[PDB]
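Engineer: Before we start, here is the structure in question, set down as structure tokens.
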Number of protein chains: 4
Amino acid sequence: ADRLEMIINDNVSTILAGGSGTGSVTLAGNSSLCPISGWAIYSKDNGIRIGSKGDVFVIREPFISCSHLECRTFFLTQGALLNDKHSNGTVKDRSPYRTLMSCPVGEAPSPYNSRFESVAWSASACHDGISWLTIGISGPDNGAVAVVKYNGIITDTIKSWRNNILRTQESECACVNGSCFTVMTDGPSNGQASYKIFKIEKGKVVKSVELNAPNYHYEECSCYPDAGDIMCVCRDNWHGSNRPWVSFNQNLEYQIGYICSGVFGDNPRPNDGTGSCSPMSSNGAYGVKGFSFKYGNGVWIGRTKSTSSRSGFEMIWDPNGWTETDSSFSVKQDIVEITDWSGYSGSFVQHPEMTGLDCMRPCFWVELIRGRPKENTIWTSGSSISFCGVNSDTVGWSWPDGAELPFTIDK
Amino acid sequence: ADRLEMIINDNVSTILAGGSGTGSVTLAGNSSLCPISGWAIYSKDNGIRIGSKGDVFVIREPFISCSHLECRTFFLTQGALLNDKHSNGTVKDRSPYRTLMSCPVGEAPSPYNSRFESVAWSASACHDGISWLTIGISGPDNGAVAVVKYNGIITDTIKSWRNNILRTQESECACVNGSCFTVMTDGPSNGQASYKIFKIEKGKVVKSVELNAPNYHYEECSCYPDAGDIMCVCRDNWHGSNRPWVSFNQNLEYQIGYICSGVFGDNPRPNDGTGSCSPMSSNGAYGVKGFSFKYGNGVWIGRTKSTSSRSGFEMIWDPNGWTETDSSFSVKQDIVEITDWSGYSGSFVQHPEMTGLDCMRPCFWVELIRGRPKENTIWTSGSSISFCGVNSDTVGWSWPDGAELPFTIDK
Amino acid sequence: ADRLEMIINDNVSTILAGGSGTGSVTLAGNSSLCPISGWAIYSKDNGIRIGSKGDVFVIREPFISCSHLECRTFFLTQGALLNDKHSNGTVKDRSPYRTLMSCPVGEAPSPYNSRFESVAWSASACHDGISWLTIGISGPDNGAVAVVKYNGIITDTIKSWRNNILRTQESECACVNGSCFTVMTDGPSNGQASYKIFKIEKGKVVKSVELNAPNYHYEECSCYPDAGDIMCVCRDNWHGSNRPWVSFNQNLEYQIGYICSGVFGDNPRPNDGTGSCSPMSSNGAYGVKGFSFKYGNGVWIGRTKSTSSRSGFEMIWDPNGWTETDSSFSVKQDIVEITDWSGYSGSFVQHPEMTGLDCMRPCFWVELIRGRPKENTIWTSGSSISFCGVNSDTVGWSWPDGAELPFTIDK
Amino acid sequence: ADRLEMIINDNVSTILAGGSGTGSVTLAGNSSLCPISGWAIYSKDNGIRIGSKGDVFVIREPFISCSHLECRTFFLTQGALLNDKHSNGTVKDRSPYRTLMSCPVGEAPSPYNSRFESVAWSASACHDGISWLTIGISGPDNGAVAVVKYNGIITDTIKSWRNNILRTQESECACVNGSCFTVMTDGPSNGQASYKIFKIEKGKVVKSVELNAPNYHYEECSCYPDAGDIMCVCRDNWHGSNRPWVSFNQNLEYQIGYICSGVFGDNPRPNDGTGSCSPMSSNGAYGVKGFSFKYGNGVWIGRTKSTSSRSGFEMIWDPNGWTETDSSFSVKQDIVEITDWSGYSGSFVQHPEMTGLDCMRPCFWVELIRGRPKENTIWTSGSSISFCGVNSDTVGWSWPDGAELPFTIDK
Ligand SMILES: *[C@@H]1O[C@H](CO)[C@@H](O[C@@H]2O[C@H](CO)[C@@H](O[C@@H]3O[C@H](CO)[C@@H](O)[C@H](O)[C@@H]3O)[C@H](O)[C@H]2NC(C)=O)[C@H](O)[C@H]1NC(C)=O
Ligand SMILES: *[C@@H]1O[C@H](CO)[C@@H](O[C@@H]2O[C@H](CO)[C@@H](O[C@@H]3O[C@H](CO)[C@@H](O)[C@H](O)[C@@H]3O)[C@H](O)[C@H]2NC(C)=O)[C@H](O)[C@H]1NC(C)=O
Ligand SMILES: *[C@@H]1O[C@H](CO)[C@@H](O[C@@H]2O[C@H](CO)[C@@H](O[C@@H]3O[C@H](CO)[C@@H](O)[C@H](O)[C@@H]3O)[C@H](O)[C@H]2NC(C)=O)[C@H](O)[C@H]1NC(C)=O
Ligand SMILES: *[C@@H]1O[C@H](CO)[C@@H](O[C@@H]2O[C@H](CO)[C@@H](O[C@@H]3O[C@H](CO)[C@@H](O)[C@H](O)[C@@H]3O)[C@H](O)[C@H]2NC(C)=O)[C@H](O)[C@H]1NC(C)=O
Ligand SMILES: *[C@@H]1O[C@H](CO)[C@@H](O)[C@H](O)[C@H]1NC(C)=O
Ligand SMILES: *[C@@H]1O[C@H](CO)[C@@H](O)[C@H](O)[C@H]1NC(C)=O
Ligand SMILES: *[C@@H]1O[C@H](CO)[C@@H](O)[C@H](O)[C@H]1NC(C)=O
Ligand SMILES: *[C@@H]1O[C@H](CO)[C@@H](O)[C@H](O)[C@H]1NC(C)=O
Ligand SMILES: *[C@@H]1O[C@H](CO)[C@@H](O)[C@H](O)[C@H]1NC(C)=O
Ligand SMILES: *[C@@H]1O[C@H](CO)[C@@H](O)[C@H](O)[C@H]1NC(C)=O
Ligand SMILES: *[C@@H]1O[C@H](CO)[C@@H](O)[C@H](O)[C@H]1NC(C)=O
Ligand SMILES: *[C@@H]1O[C@H](CO)[C@@H](O)[C@H](O)[C@H]1NC(C)=O
Ligand SMILES: [Ca+2]
Ligand SMILES: [Ca+2]
Ligand SMILES: [Ca+2]
Ligand SMILES: [Ca+2]
Ligand SMILES: [Ca+2]
Ligand SMILES: [Ca+2]
Ligand SMILES: [Ca+2]
Ligand SMILES: [Ca+2]
């Protein structure tokens with residue numbers, strides 16, 4: 001009878017928490033990436049097309065993160081709407097008006113369907129199986145502060161340790177066994193900076209270590225869990241046209257490197273050729289947020305089709321690209337035509353607790369940027385597409401943004 | 001005590017799943033169609049009237065499917081809104097912007113009330129009593145791919161086997177005993193093509209068979225469950241003004257034919273006369289998505305009132321129309337005046353697990369198309385009406401779209 | 001142990017149904033009306049003011065009905081929005097576009113917050129403690145059909161028995177002990193017609209009786225439960241400036257009469273004077289939907305302040321007004337200034353299962369009509385206010401609509 | 001077995017109530033304020049920027065109150081939208097159109113996301129752990145009535161006892177042990193008035209006491225719970241540039257005073273100098289709603305940066321400011337630049353039942369007012385920011401409103 005009273009009370013508390021969407025069992029995060037052959041399209045929001053008339057936020061960085069019940073598109077907005085004068089982009093990215101918000105995947109980002117997450121001009125978010133963790137960085141450049149919320153309640157803060165634009169992933173953090181992990185950068189974007197990895201439990205930073213990474217540069221990391229460890233594929237904005245990466249276990253014991261493949265993943269970049277396991281200096285300054293998925297010595301690379309502009313997008317399976325420097329690959333899947341605009345891209349995963357699979361499902365999102373600087377508008381925004389890897393038949397195509405620019409507000 | 005612990009745990013898991021709207025018992029699908037005498041109006045969304053000022057999607061194919069808790073209108077949109085320049089219809093139906101989405105029955109389809117389902121220029125959706133199954137076909141004409149989601153998670157893919165526009169129902173699939181069934185077509189729309197029927201469990205294709213149907217043509221099938229089997233009434237776009245049909249059991253053992261009644265159900269069509277159990281060649285090319293309900297040798301036929309254009313709509317009970325070729329019928333119920341536009345129509349059912357009845361309730365939806373090609377606008381959209389069969393008093397009338405064209409965007 | 005298994009299963013089913021908002025215990029409806037002294041304001045939606053820019057339905061008859069969890073404003077819309085050309089009122093009230101929908105009390109009626117209920121140009125709705133009952137009448141004047149839904153599922157139909165505009169309450173029906181009751185009228189509005197009262201259980205009409213009421217006229221009845229019986233105060237559109245009423249028990253055994261007070265409750269009406277327990281012919285043709293609450297021989301009367309137009313609104317407690325013909329009363333509470341527009345008004349109740357009280361709480365809603373015919377617009381709409389009776393301090397004031405006419409669409 | 005049946009029934013009732021968001025255990029309110037070092041930003045809605053095109057209410061007083069599940073922004077609106085002619089502010093604050101409504105924290109206040117709370121031109125709201133208590137004052141100046149709702153149901157009324165504008169907090173009331181407490185004022189705003197404190201249980205006023213406070217003036221009190229008592233920091237609109245305060249226990253046994261610090265907290269105010277524990281007459285007439293948090297003899301003061309206009313905002317920790325009159329302080333945290341508009345501000349708390357902490361978390365909100373009287377518009381509205389105190393690293397900055405005035409409606 002005591003056993004029954006215990007089970008009843010515990011299950012009742014689980015039911016009461018579940019009424020609010022709060023889980024009861026942490027995501028294990030110990031399964032490996034699923035074997036896949038290609039990418040099946042998951043979502044397209046048509047945000048800018050709809051925003052030509054609907055009330056849609058002007059957004060950037062529409063990254064996706066999933067709980068055990070839903071997948072959401074998180075994004076940063078300047079608190080302005082498309083086709084409104086406040087969309088005039090003479091506000092620089094880091095502003096007091098910028099906020100991290102979220103809406104259901106596939107829906108246009110509107111004030112009528114978007115939940116508020118935090119005040120942020122740089123952000124990260126993930127779900128540990130119980131509640132949502134959100135990290136939002138706001139403040140001055142010389143003393144930015146990341147506010148860390150768990151289930152909407154402020155649980156911690158992280159202040160800049162270099163006083164030079166504290167900034168983080170702009171995609172989902174990675175959660176394993178009830179601890180979530182993220183990467184933050186403080187310092188120059190055109191030179192050596194400082195990079196730290198953080199272990200956070202129930203929204204409280206329980207550990208951090210600074211990477212000893214001379215001549216490396218980490219920004220806007222795409223991190224995913226795999227077999228109980230974390231892999232982050234990032235952006236070298238200093239002097240690398242191949243992508244830097246850092247992996248670590250749950251105790252923040254890490255390894256670092258660069259993707260060796262001659263199929264260079266950053267943008268801008270040189271033409272394909274001999275790759276390097278060190279920073280590739282040629283056209284290596286600047287970059288774009290990106291991702292890659294590691295399968296042994298092979299790598300799935302998501303990259304633009306252009307070597308010079310954020311145009312086009314493609315998935316490339318290079319079965320030796322993680323460790324070897326040749327420019328040969330096996331499979332290419334077209335995602336966006338080179339004649340059309342792309343932009344930031346990131347990874348996200350679907351855990352077994354959501355899918356029912358015995359493996360970690362990889363997925364990715366792509367931001368389709370319209371407006372300034374390449375188009376004659378007063379604004380810059382992005383719509384989103386997203387794909388998940390499957391071990392079944394797929395096809396390549398082009399799913400571009402589709403909006404007709406300039407808008408009414410631009411004339 | 002062990003029995004109590006088992007019941008508690010299982011019912012608690014049912015409660016936790018039900019919190020997300022996820023059922024626990026599959027729909028049986030073994031009851032027969034309810035005896036009815038007429039059709040009681042169920043819904044009207046006034047989509048285009050509202051969209052004259054509100055933010056409403058330009059849509060097509062507003063088909064309805066029901067779970068055990070709700071009925072939803074699924075639809076395909078080009079990601080544009082009424083009275084916006086992106087509604088300009090020089091995008092052909094099969095575009096990378098087209099998406100399958102859903103809203104509550106009776107509501108205007110808006111970005112503020114519509115859930116995203118999939119990227120699709122051809123679609124199907126149903127509910128097995130536990131979760132929603134969605135099928136969305138996107139991609140190039142020579143290699144289209146259907147993404148199959150169960151509870152929002154990609155569970156399978158189906159690639160074109162003829163490289164000639166893989167395409168499916170544009171209405172609800174049919175679920176019996178935990179297996180859902182659909183029909184897909186690959187090949188020409190003006191000649192012999194290939195037709196396959198699929199059995200899908202938890203979003204995974206567990207069986208498929210290709211119909212041996214020489215001189216038949218199947219497109220845009222309206223399928224419903226009845227007594228543990230499936231009946232599909234479809235569209236012969238090749239050379240049939242009567243409608244083709246295919247029925248099958250849960251092992252995909254099938255029968256095929258054409259509705260024999262001289263009350264021809266397709267559009268365009270000849271005037272009523274002697275029917276055929278074979279394809280009726282006269283005015284048989286082209287067509288419109290439609291449905292019919294079989295009661296023994298009799299048939300409830302939903303059809304346009306015009307023989308040449310998608311104008312008007314009417315329900316006709318022909319007590320021998322499934323097998324006999326005479327043009328006589330018993331009952332006609334007016335739905336839309338011939339002076340007003342109609343369009344696609346489809347069937348949907350309400351299962352005993354939703355209604356509390358001991359039989360399968362038949363219902364149908366009708367799409368009221370406005371805009372191009374017959375009206376001087378830049379856009380084409382559709383509103384919806386829906387009726388359910390009852391064994392009580394009914395009446396005929398005309399419930400047309402009601403919008404005043406052209407809109408502001410057209411001048 | 002068998003007792004525990006039974007309790008667990010039954011409570012689990014109650015929990016699963018409650019997840020959808022479906023109750024488990026019927027409203028008793030056997031308590032008497034609460035003793036009150038005045039009316040405390042409950043809601044104001046400012047619908048037309050907000051609709052000057054927001055996307056708000058052009059509506060009529062915004063009646064309120066409450067479940068055990070919420071109170072909703074039901075209304076009829078022509079499927080058009082304020083400040084849109086489709087709001088042009090050359091559509092007569094009875095149209096195929098008119099629909100019964102509902103939104104939360106106090107909110108402006110928008111396509112983004114309104115649930116679809118039924119297709120209807122005349123309507124009624126109530127809640128029996130388990131599910132919502134909706135009655136929506138649509139169709140031609142000579143054969144209108146009321147579709148009766150329970151929990152959103154069509155459960156019955158009622159066809160016109162006189163072929164002369166079947167029409168019903170335009171306010172909430174009354175539910176007692178699991179049976180809900182309504183009144184419908186078929187026949188002329190300027191002469192003797194037919195009046196029927198209906199007893200409906202789980203959406204199925206289980207009984208109906210036709211009133212033997214020579215020289216009486218019933219339209220647009222406001223019905224409420226009291227002590228296990230039903231009282232309806234209605235509108236004599238034929239030849240009565242006092243209001244007709246009909247009361248009945250759960251077996252539809254009824255009594256009829258007219259409110260005897262010289263404080264005449266209809267509009268138009270003569271000046272106050274000697275009342276009648278028979279139809280008051282003077283200025284008795286035409287009318288307005290209204291209500292009254294009976295307390296022994298006294299009556300709470302809600303009426304316009306003008307004797308000729310739908311202007312102003314006031315509550316009047318006449319402690320002998322139900323049976324005596326004098327024009328004297330005790331208390332008057334101002335609701336809307338006579339310089340401002342009013343319109344339809346109706347009663348609604350809050351049951352003990354919702355309030356926690358030991359009595360039936362009376363409340364009422366008032367429709368504030370703007371537009372045609374008295375104002376120079378192309379449209380006619382109404383906003384709503386609502387009050388509930390309390391036995392505590394209250395005050396009179398004027399809470400008018402507040403919109404500035406004409407709107408942009410009118411020029 | 002009887003114990004099991006009791007536990008099952010009680011937990012089932014808790015589950016059924018929790019399905020509607022209704023709690024089962026009252027907030028204790030006996031913990032002390034958390035030790036903090038600074039303020040981490042919690043929210044920013046960008047209301048006016050978004051309302052330049054979106055459908056956003058013109059609002060005032062956007063105060064925040066939290067339950068055990070969510071935090072909401074309550075606000076008063078005139079039932080008009082930004083950039084609509086009805087936003088013309090020749091309606092004085094106290095109007096029959098004004099309503100108290102609420103939306104999720106951080107979201108722009110829209111008719112599509114705002115719940116209706118009450119009709120009110122003065123308001124208060126809080127949550128006792130079970131249900132929401134709302135107090136809305138409407139009516140004429142000489143007989144205003146506060147309607148008191150608990151869980152949306154009218155539970156009490158409070159009529160003006162001085163017939164001179166009954167008015168209350170415009171921020172959250174304070175709840176301890178199932179009793180909630182508020183302060184109301186009746187009488188002049190430029191002279192001695194009457195001030196009452198109210199104890200309310202389940203929406204019923206169970207006690208009230210009138211303060212014997214000669215030469216004091218209380219308006220727009222910000223009240224918070226601390227260690228089982230209530231502290232209110234208010235506004236002296238008569239003759240005080242320092243803020244008045246009143247504290248009391250659950251039996252309404254009270255103490256009164258003024259904040260002694262020479263860091264004057266009201267606006268307008270003199271320059272910092274020698275403070276007073278009595279009303280500071282210099283520049284003491286008029287004022288602004290504000291707050292302060294008491295920590296022993298020290299005080300956290302939120303105030304404007306300007307001494308003359310509602311411009312700028314800053315948090316100041318004065319470790320002896322509650323009792324000592326010196327103008328020295330320890331810490332200042334910038335919130336809004338003095339070059340930018342601020343306005344009303346208030347406190348709100350997050351209880352242990354929401355946070356999981358062992359202490360009472362203090363937070364505050366700030367209203368950023370745009371429009372009349374200082375800007376050349378026809379309207380006046382406010383957006384909101386909010387911060388919570390943390391014992392971790394923070395930073396000062398300026399998070400202003402950000403809208404570009406005048407709007408389209410103003411030309
Ligand atoms: C988008 O924002 C930019 C930056 O605010 C706008 O350009 C700015 O336009 C303003 C007003 O036209 C210019 O101000 C002018 O400055 C001079 C100072 O001597 C004075 O003569 C004028 O009275 C006026 O205030 C401002 O200089 C200009 N900024 C820059 C960097 O050129 C731009 O117009 C906006 N675009 C839109 C709304 O489409
Ligand atoms: C709806 O879409 C159609 C198709 O895009 C629009 O018609 C197209 O209009 C464009 C721009 O007016 C035409 O482009 C023109 O082409 C010639 C090429 O020699 C050049 O002289 C001009 O500079 C211009 O770019 C385009 O030809 C035309 N397409 C067709 C098939 O006629 C149509 O205007 C749209 N309707 C709207 C927005 O109401
Ligand atoms: C609101 O609706 C009414 C009724 O539809 C509108 O009045 C109608 O306006 C139309 C078009 O202006 C008139 O049609 C005209 O009829 C004659 C037939 O001989 C023909 O000469 C013209 O070509 C034209 O089609 C119609 O007669 C008229 N109806 C009535 C009863 O007068 C009214 O304009 C609408 N108001 C708005 C949109 O503000
Ligand atoms: C915002 O509201 C104010 C107050 O209602 C508006 O000012 C008012 O404008 C009206 C109409 O223009 C004026 O009425 C005029 O009054 C005289 C009476 O002799 C008459 O000659 C005219 O026929 C007219 O009706 C009214 O006096 C004026 N009120 C005040 C206090 O000056 C104001 O225009 C509104 N602003 C907007 C809509 O931008
Ligand atoms: C119910 O509670 C017991 C004891 O805490 C736990 O082991 C079990 O997993 C819970 N069951 C569910 C379905 O949550
Ligand atoms: C992952 O952890 C879970 C914890 O429940 C365990 O059941 C499972 O076997 C583990 N899988 C591995 C180690 O592959
Ligand atoms: C509870 O669980 C038992 C055992 O699995 C099952 O037979 C029963 O139907 C469940 N009851 C409900 C109401 O779901
Ligand atoms: C349909 O299947 C259900 C399964 O629970 C069964 O109870 C019912 O009798 C069946 N009805 C038939 C075969 O008509
Ligand atoms: C649980 O079920 C029992 C048996 O059916 C019933 O008497 C009881 O009222 C139910 N309890 C609740 C809280 O619904
Ligand atoms: C009303 O009916 C309920 C049914 O539960 C009963 O408990 C109550 O005493 C009745 N009240 C009366 C007759 O006043
Ligand atoms: C369940 O009910 C018991 C008895 O009323 C109560 O003590 C206990 O706290 C409840 N448990 C929960 C989790 O609400
Ligand atoms: C506050 O009251 C709660 C009531 O459950 C009690 O457990 C706790 O110890 C109290 N805390 C104090 C007095 O600090
Ligand atoms: Ca680079
Ligand atoms: Ca290679
Ligand atoms: Ca055909
Ligand atoms: Ca026949
Ligand atoms: Ca009359
Ligand atoms: Ca009297
Ligand atoms: Ca002052
Ligand atoms: Ca000091």
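Going through the structure tokens in order, the chains are called A, B, and so on, while each chain numbers its residues from 1 and the ligands are numbered from 1 in the order shown.
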Give the residue list for ligand 16 at 12 Å, counting only C-alpha atoms and all ligand atoms, as a CSV table (one decimal) with N, CA and C atoms, in the first residue's frame, sorted by chain and then by residue number.
Structural biologist:
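Produced file part-v7.csv, reproduced below:
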```
chain,number,residue,atom,x,y,z
B,259,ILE,N,-18.0,4.0,-61.9
B,259,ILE,CA,-19.4,4.2,-61.5
B,259,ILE,C,-20.3,4.1,-62.7
B,260,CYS,N,-21.2,3.2,-62.8
B,260,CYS,CA,-22.0,2.8,-64.0
B,260,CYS,C,-23.1,3.8,-64.3
B,261,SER,N,-23.5,4.6,-63.3
B,261,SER,CA,-24.7,5.5,-63.5
B,261,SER,C,-24.6,6.4,-64.6
B,262,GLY,N,-25.7,6.6,-65.3
B,262,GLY,CA,-25.8,7.7,-66.3
B,262,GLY,C,-25.8,9.1,-65.7
B,263,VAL,N,-25.9,9.2,-64.4
B,263,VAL,CA,-25.7,10.5,-63.7
B,263,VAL,C,-24.2,10.7,-63.6
B,264,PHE,N,-23.6,11.2,-64.6
B,264,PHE,CA,-22.1,11.3,-64.7
B,264,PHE,C,-21.6,12.3,-63.6
B,272,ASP,N,-26.6,13.9,-69.1
B,272,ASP,CA,-27.0,12.6,-68.5
B,272,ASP,C,-27.6,11.8,-69.6
B,273,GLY,N,-27.3,10.5,-69.6
B,273,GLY,CA,-27.8,9.5,-70.5
B,273,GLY,C,-27.5,8.1,-70.1
B,274,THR,N,-27.2,7.3,-71.1
B,274,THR,CA,-26.8,5.9,-70.8
B,274,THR,C,-25.4,5.9,-70.2
B,275,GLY,N,-25.2,5.4,-69.0
B,275,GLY,CA,-23.9,5.3,-68.4
B,275,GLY,C,-23.1,4.1,-68.8
B,276,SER,N,-21.9,3.9,-68.3
B,276,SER,CA,-21.0,2.8,-68.6
B,276,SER,C,-20.3,2.4,-67.4
B,297,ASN,N,-25.9,-1.3,-54.1
B,297,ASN,CA,-25.9,-1.0,-55.5
B,297,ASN,C,-26.2,0.5,-55.8
B,298,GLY,N,-26.6,1.3,-54.8
B,298,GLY,CA,-26.8,2.7,-54.9
B,298,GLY,C,-25.6,3.5,-54.6
B,299,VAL,N,-25.7,4.8,-54.9
B,299,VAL,CA,-24.5,5.7,-54.8
B,299,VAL,C,-25.1,7.1,-54.5
B,300,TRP,N,-24.4,7.8,-53.5
B,300,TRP,CA,-24.5,9.2,-53.3
B,300,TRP,C,-23.4,9.9,-54.1
B,301,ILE,N,-23.8,10.7,-55.1
B,301,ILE,CA,-22.9,11.3,-56.0
B,301,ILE,C,-22.9,12.8,-55.7
B,316,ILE,N,-26.8,13.8,-55.2
B,316,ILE,CA,-27.8,13.0,-55.9
B,316,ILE,C,-27.7,11.5,-55.4
B,317,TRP,N,-28.8,11.0,-54.9
B,317,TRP,CA,-28.9,9.6,-54.4
B,317,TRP,C,-29.5,8.8,-55.6
B,318,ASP,N,-28.7,7.9,-56.1
B,318,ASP,CA,-29.1,7.0,-57.2
B,318,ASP,C,-29.2,5.6,-56.7
B,319,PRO,N,-30.3,5.1,-56.4
B,319,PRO,CA,-30.4,3.8,-55.6
B,319,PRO,C,-29.9,2.6,-56.4
B,320,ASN,N,-29.6,2.7,-57.7
B,320,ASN,CA,-28.9,1.7,-58.5
B,320,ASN,C,-27.7,2.2,-59.3
B,321,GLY,N,-27.2,3.3,-58.9
B,321,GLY,CA,-26.2,4.0,-59.7
B,321,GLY,C,-24.8,3.4,-59.7
B,322,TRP,N,-24.5,2.5,-58.7
B,322,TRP,CA,-23.2,1.9,-58.7
B,322,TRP,C,-23.0,0.9,-59.7
B,323,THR,N,-24.1,0.2,-60.1
B,323,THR,CA,-24.0,-1.0,-61.0
B,323,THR,C,-24.8,-0.8,-62.2
B,324,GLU,N,-25.9,0.0,-62.2
B,324,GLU,CA,-26.8,0.2,-63.4
B,324,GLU,C,-26.5,1.5,-64.1
B,325,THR,N,-26.8,1.5,-65.4
B,325,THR,CA,-26.4,2.6,-66.3
B,325,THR,C,-27.5,3.6,-66.6
B,326,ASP,N,-28.6,3.4,-66.0
B,326,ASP,CA,-29.7,4.4,-66.3
B,326,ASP,C,-29.4,5.8,-65.7
B,327,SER,N,-30.0,6.8,-66.2
B,327,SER,CA,-29.7,8.2,-65.8
B,327,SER,C,-30.8,8.7,-64.8
B,328,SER,N,-31.6,7.7,-64.2
B,328,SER,CA,-32.6,8.1,-63.3
B,328,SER,C,-32.1,8.0,-61.9
B,329,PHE,N,-32.6,8.9,-61.0
B,329,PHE,CA,-32.2,9.0,-59.6
B,329,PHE,C,-33.4,9.3,-58.8
B,330,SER,N,-33.3,9.1,-57.5
B,330,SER,CA,-34.4,9.3,-56.5
B,330,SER,C,-34.4,10.7,-55.9
B,331,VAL,N,-33.3,11.2,-55.4
B,331,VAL,CA,-33.2,12.4,-54.6
B,331,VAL,C,-32.1,13.3,-55.1
```
Engineer: From range 9-125 of chain A, collect each residue whose DSSP state is strand (DSSP E or B) and return the set as a PyMOL selection string.
Structural biologist: chain A and resi 33+38-44+57-66+71-81+99-104+115-119+122-125
Engineer: Please determine the contact residues of chain D with respect to chain B at a cut-off of 12 Å, counting only C-alpha atoms, and supply them as a short mmCIF file (atom, residue, chain, number, x, y, z; two decimals) with C-alpha atoms, in the first residue's frame.
Structural biologist:
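Wrote part-v3.cif, looks like this:
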```cif
data_model
loop_
_atom_site.label_atom_id
_atom_site.label_comp_id
_atom_site.auth_asym_id
_atom_site.auth_seq_id
_atom_site.Cartn_x
_atom_site.Cartn_y
_atom_site.Cartn_z
CA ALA D 1 -7.66 1.05 1.05
CA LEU D 4 -5.82 5.10 -1.21
CA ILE D 8 -6.83 9.17 -5.47
CA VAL D 12 -7.71 13.56 -9.25
CA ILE D 15 -5.38 17.17 -11.70
CA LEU D 16 -8.78 18.30 -13.01
CA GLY D 18 -4.73 21.93 -12.87
CA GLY D 19 -6.04 21.22 -16.36
CA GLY D 54 0.76 45.51 -36.10
CA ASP D 55 -2.58 45.70 -34.30
CA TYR D 112 -5.23 38.64 -30.72
CA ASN D 113 -3.16 37.64 -27.67
#
```
Engineer: Compute the set of protein, DNA and RNA residues whose minimum atom distance to ligand 11 is at most 6 Å, using only C-alpha atoms and all ligand atoms, and state it as a compact mmCIF listing (two decimals) with N, CA and C atoms, in the first residue's frame.
Structural biologist:
```txt
# COMPACT_ATOMS: atom_id res chain seq x y z
N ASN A 9 1.52 9.35 -5.91
CA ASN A 9 1.98 10.72 -5.68
C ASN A 9 2.97 11.16 -6.76
N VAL A 12 1.23 11.50 -10.12
CA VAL A 12 0.36 12.67 -10.09
C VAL A 12 1.17 13.95 -10.29
N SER A 13 2.34 14.03 -9.65
CA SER A 13 3.20 15.19 -9.84
C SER A 13 3.71 15.27 -11.27
N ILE D 7 -6.63 9.58 -1.25
CA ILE D 7 -5.54 10.17 -2.03
C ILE D 7 -5.90 10.25 -3.50
N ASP D 10 -8.58 13.06 -4.09
CA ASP D 10 -8.02 14.41 -3.92
C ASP D 10 -7.03 14.75 -5.03
N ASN D 11 -6.14 13.82 -5.37
CA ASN D 11 -5.18 14.10 -6.44
C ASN D 11 -5.88 14.21 -7.79
```
Engineer: Give me the residues within 8 Å of residue 102 in chain C as a list in words, counting only C-alpha atoms and dropping any in the same chain fewer than 5 places off.
Structural biologist: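 Everything that qualifies: residues 72, 73, 74, 75, 109, 114, 115, 116 and 117 of chain C.
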